[PDB]
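Take a look at this single chain, the form deposited in one PDB entry, given in structure tokens.
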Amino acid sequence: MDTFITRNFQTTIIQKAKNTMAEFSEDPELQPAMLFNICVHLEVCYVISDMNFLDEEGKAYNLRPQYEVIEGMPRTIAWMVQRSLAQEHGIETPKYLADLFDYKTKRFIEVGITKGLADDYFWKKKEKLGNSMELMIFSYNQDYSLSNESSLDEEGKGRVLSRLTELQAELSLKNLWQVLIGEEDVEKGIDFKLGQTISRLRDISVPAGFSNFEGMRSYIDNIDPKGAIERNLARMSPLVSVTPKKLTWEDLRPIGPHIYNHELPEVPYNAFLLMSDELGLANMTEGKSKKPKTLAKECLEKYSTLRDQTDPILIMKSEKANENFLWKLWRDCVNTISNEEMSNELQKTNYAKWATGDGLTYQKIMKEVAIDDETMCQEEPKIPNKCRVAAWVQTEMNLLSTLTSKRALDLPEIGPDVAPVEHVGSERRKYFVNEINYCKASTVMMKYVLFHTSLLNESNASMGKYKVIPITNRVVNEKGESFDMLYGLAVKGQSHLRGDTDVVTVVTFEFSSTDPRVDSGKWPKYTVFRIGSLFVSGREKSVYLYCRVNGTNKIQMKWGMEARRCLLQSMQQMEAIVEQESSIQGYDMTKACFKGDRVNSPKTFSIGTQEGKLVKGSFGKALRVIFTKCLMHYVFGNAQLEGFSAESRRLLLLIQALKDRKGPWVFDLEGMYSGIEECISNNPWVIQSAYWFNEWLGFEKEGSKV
């Protein structure tokens, strides 16, 4: 196809046809028949126009031709030339883009290539166009139909017919005559009519001041609107204004001051799993993958005292919780895990139905009965509580950014680096994983991801019963030892539906060494038992069991599984920082930022305050803080956090403009602040972010004066 097109047509015709076809077809190469038609049409047009010449007064021999070729050029310029000719010569502009313009009679010319016969395609073109432009019809077989006598003569006809004959013969003898398509099929559809309903609907879709659509059409087609915008702006009320104001540092006030109100409750912990208070029971292994039930069984065997504790020492109780139900559920989970069966089904399903609260679900009734029942009313929405800053969020940020002795990240390999960009990426990854491998946040993220993976895996055919899903992880220390860690056990409820959004109840019992009574305001959602004591390095630490009835769904399970993308998010943020640093220079600044070169010292960041004094740290500490921030943003994500993060960006950019001395201006600062502050109700991350923003804004204000 491309071979014949290349051979039988010169390069200019082929490229012009390709350009013409690419304007309306987005898959030019998938249909070469249209290319054949267009290139043949252009060749014919050149044949008509190339050889016929004219002169100044009347000589049909200077350089003036009597034909102007409007085809083969971009439609934007073709339309300009067509309109210019029509206006200059005092003739009407056809609604279609003509192929030629004849200067002897000053008439637009349409030329067609009929496979079947002329005088039939001629009348189809007449129907489509009408009396707007003359027609020249030439057929593959010797035949023609011209609407004028002074038009193309016999000499051009011979060349065009011979050009058609050669292509016809080649197509016949190269098996490509089956690919040919007539021009008619490209014009298919010009007889579009409007019925009686659509026309009437159109009549009542016109703006105010128009009776029917015909009046609107004529008004748009005939009225010159010059001066309308200024006419309407002159008579517009002055109260319609942006009211700009030059922003200053004194205009930037702390956001959400109510978080400093001590008459409010402090935000309680509400994440799915314990992050910094987690305690995992560790059992060395050889790295072989194990079934979750077997891992839990061996971990509980290693700690028999905790496993065999059959009496509850209640330390804390949630207001609406039943400690008996929770303890019996925990004992059922332990017994199920320790049994020799290969199934994680709970033995006491009837009891677990009520222990999890699944039996306390309202009963759907006929809408008619509810309509007659005057006591059935729509429930008021639950307004999120307004809480104040809690120190446990700061403590969580401090602890999760530290380095531990265990790493849960073991990623596969990639091909060797051959390009400098590949080496840049490899060095950046080396530094990132060196700083992030043993971060506590990494292990917490891996635990979350594995728990949600296990939760989703158990939703194939086990959504109608009660299962026990161990909370497990696999970690490795600097010495190469591998440990299986059991952080607790969760019982997964059962939704009779399978809609991907129906709530499934998960009761989680997580080990911890944290006394709930040290920070009472953090744990109102948890009921805590003291299940025993543990020895780690000769020190006895109390082991409590935090029990909580939470809920989720397949969508939330998938989101928690996807929580592993915090690693990629932190990698991208680090790359953005390093690329900003290297934009100032012309070379990569990864080593300079991290280790420091001879010319560049190791980059330092401001990481926090110690008694109101700024504290600096390395890029590794900043990386750990970035990773922890991403993980906490994901874990505590909700509508409030999404809104807060999307809205505080504008304030941050305004502060950046103030720092850069770009003279920022604002139109509604109080509106910005209200939009930001409407999201600070009870999300721990949002409240802590407001506190941190206020502190950093105070520091930026103090630094602006110096």
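In this text, rigid core is short for the largest set of C-alphas that superpose within 1.5 Å between two forms. Don't overthink the numbering: it's just position in the shown sequence, from 1.
One more form of this protein should be noted, the form deposited in another entry, which is absent from this view; the next part is about it.
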After fitting the rigid core, tell me which of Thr248, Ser405, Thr243, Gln580 has its Cα displaced by at least 2 Å between this form and the one not shown.
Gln580
Rigid core aligned, does the Cα position of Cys593 differ by 2 Å or more between this form and the one not shown?
yes
Taking the rigid core as the reference frame, is the Cα of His496 displaced by 2 Å or more between this form and the one not shown?
yes
If you line up the core, does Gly425 shift 2 angstroms or more at its C-alpha between this form and the one not shown?
yes
Specify closer or farther for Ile584 and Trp665: how their Cα atoms are spaced in the other entry versus the shown form, given a shift of 3 angstroms or more.
farther
